[PDB]
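Peer 1: The structure that follows is given in the form of C-alpha cells.
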Amino acid sequence: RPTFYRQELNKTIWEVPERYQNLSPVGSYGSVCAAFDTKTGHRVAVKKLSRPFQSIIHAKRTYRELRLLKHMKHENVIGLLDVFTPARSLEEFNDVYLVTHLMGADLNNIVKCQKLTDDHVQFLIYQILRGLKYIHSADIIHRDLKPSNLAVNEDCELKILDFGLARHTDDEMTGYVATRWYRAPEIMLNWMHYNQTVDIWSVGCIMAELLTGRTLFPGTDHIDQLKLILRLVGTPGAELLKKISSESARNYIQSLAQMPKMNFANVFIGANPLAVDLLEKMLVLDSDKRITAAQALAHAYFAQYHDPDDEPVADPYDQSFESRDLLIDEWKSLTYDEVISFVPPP
Ligand SMILES: CC(=O)c1cccc(NC(=O)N2CCOCC2)c1
Ligand SMILES: [Cl-]
Ligand SMILES: [Cl-]
Ligand SMILES: [Cl-]
Ligand SMILES: [Cl-]
Ligand SMILES: [Cl-]
Ligand SMILES: [Mg+2]
C-alpha cells in the first residue's frame, strides 16, 4: 500500500498517493485535477467520483464505468493508468479515484481554428474507425461520438473518450444543442432497438463537418433536425417503415411529403470523390444497410493508411452484470474487488 497525503482544493478533500504531485483543479459525475505522476513521468487527469454509491442506479453506474475503462487497451481509445481508494478495508470504502493521460485539444479546437487538407481528414477519420473496430469487436456501443469526445495532439494523433454510460437527460437533448446534432435518427426519436450502427452515423456527421467546416444537421429541436436529415438522405421506403415499432412514429413519418435522396457531389462541392462515396455509405437511414467499421477501413479513401495486420480486435467482454438485480452494498463490494485487482500497464 502506498503512503497517502490529504489536501483541500476548491471545497473538496483530495487523499492521493505521494507519487501524484502539483495537483490543480481543471473542472467538474465528479471533480478533476491535473497532476504530475512521478512514477511514469506523464502529466495525468485525476478524477474523484461524486457520491459513487448514493443509490442502486449510481452504484451500478460506478461499477459499469470501472469495468469499461479497465478493459480498453488500444492506441486510439482512452485507457486506465491507475485506480485507487484511501480505504484499508471494504468496511471503510467510500471514495473512488480514476487516473488517465491528461488530454489537451479536442477536434473542436482544430476544426474551428485550422486549415485541414484532404490528407488530414483521411488520417483523423482512419483513427476513429480503427478505434471503433476494436470497441465494436467487444460488443460495446459508444453512443456519444462527437468532436468534444475526440482528443487530438500536435502530430494529428487521436483518442476516443467519454463513453456513453447511459447518462444523458431530456433537458440535455432539448433545442439548439451539439449534444443531439451527431445522434442517429432511430435513437433520437426511439424508433426501434438500436445497436452498434448508431456510432457509424455519428462518424458520417463528423467527417462531413471536417470537409465543410460546418455542422451537417444543426437542428433547433428534434423535429427540425429530422427534416434536415430527410432532405439530404430522402424519406423512408416501405421496408424501413416496417422496422419502426412505435405506430405513432410510423404515422408521423407518413404525414411528411416524400423526398428523394440528394446528389452528395452537389452538397460536398470539390471534395475527393472517394470521400463523397464513403459518406453515401455511412449516412444511410436504414441502420441494417450502413457500412461497418471493419468494412470502412478497407475503403479506397484510406489506401495510404490501411494495414490489415495493424488493426487489432479486443479481448471478449462479459456484460452479463447489466441484466443483474443487486443491492447497493453488493454493487459496492464488486467495485472494491475491481479496485484491488487492478494491474497497471507496462
Ligand atoms: C471540401 C468540401 O466538400 C467543402 C468545403 C467547403 C464547403 C462545402 N459545402 C457547403 O458549404 N455547401 C454547398 C451547398 O450547400 C450549402 C453549402 C464543401
Ligand atoms: Cl506513492
Ligand atoms: Cl490512453
Ligand atoms: Cl474511502
Ligand atoms: Cl461536440
Ligand atoms: Cl470480461
Ligand atoms: Mg465529453
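We're sticking with Swiss-Prot numbering for chain A, so the shown stretch reads 5-32, 35-352, in order.
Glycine is no exception: its Cβ is also placed from the backbone N, Cα and C atoms.
Relevant sequence annotations retrieved from Swiss-Prot are reproduced here:
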type     : residues : note
ACT_SITE : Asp168   : active site, proton acceptor
MOD_RES  : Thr16    : phosphothreonine
MOD_RES  : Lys53    : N6-acetyllysine
MOD_RES  : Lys152   : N6-acetyllysine
MOD_RES  : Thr180   : phosphothreonine
MOD_RES  : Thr180   : phosphothreonine
MOD_RES  : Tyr182   : phosphotyrosine
MOD_RES  : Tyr182   : phosphotyrosine
MOD_RES  : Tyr323   : phosphotyrosine
Peer 1: I'd like to check the chain gap: with 2 residues not modelled between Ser32 and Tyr35, what is the distance in angstrom between their CA atoms?
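Peer 2: With 2 residues missing, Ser32 and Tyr35 have Cα atoms 8 Å apart.
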Peer 1: What is the nearest of the modified residues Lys152, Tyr182, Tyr323 to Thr16 (phosphothreonine), using the Cα of each?
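Peer 2: Spatially nearest to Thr16 (phosphothreonine) by Cα position is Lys152.
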Peer 1: Between the Cα atoms of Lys152 (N6-acetyllysine) and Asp168 (active site, proton acceptor), find the distance and write it as a whole number of Å.
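Peer 2: So the Cα of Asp168 (active site, proton acceptor) lies 10 Å away from that of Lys152 (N6-acetyllysine).
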Peer 1: Given the recorded positions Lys53, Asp168, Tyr323, find the one whose Cα is closest in space to the Cα of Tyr182 (phosphotyrosine).
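Peer 2: Nearest listed residue in space: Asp168.
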Peer 1: Should we count any of the modified residues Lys53, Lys152, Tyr323 as near ligand 5, judged by a CB under 6 A from one of its atoms, and which?
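Peer 2: Cβ < 6 Å from ligand 5, in sequence order: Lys152.
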